[PDB]
């Protein structure tokens, strides 16, 4: 249950640069548990905006913040999996969307996006590595060059190399 309502970020975890932000942990059996208790926000003296699962220990890490939360920071670790609550990941764009990090992965024509890491069915030069920070993960619509047209993605349709995504303006 409810684990699928979060945005996964493999081999990741966070770091509180601010010693003031609260945290809470526990050791369970599956990440699903972590999800479940976060969705229900039960037993957490704050709003569970995100949680990490440490497969190594088998421990959850509920936070009142997520990767975009200032005073926090991302970091690699093979035993860590980041799960952010979608309600706290901005789902509208301001202007062009250079910073859009939502999880929409469909072109305005309804085509499923192609993973950025993939070269099939379209070979391209937009790799995360060569575009750190623009979050070119999974197959989420992004706009790594902040070009007019806002967020787009390479489509899984061989006949359509790319297309923009229908992502609303916060303005309305």
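Residue numbers count along the first chain shown, from 1.
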- Message: Mean CA temperature factor from the deposited coordinates, higher in 70 to 78 or in 86 to 94?
- Response: 70 to 78
- Message: Mean CA temperature factor from the deposited coordinates, higher in 35 to 43 or in 101 to 109?
- Response: 35 to 43
- Query: Going by the deposited entry, which of 135, 54, 123, 147 has the highest CA temperature factor?
  - Reply: 54
- Between 129, 143, 30, 117, where does the Cα B-factor run highest in the record? 30
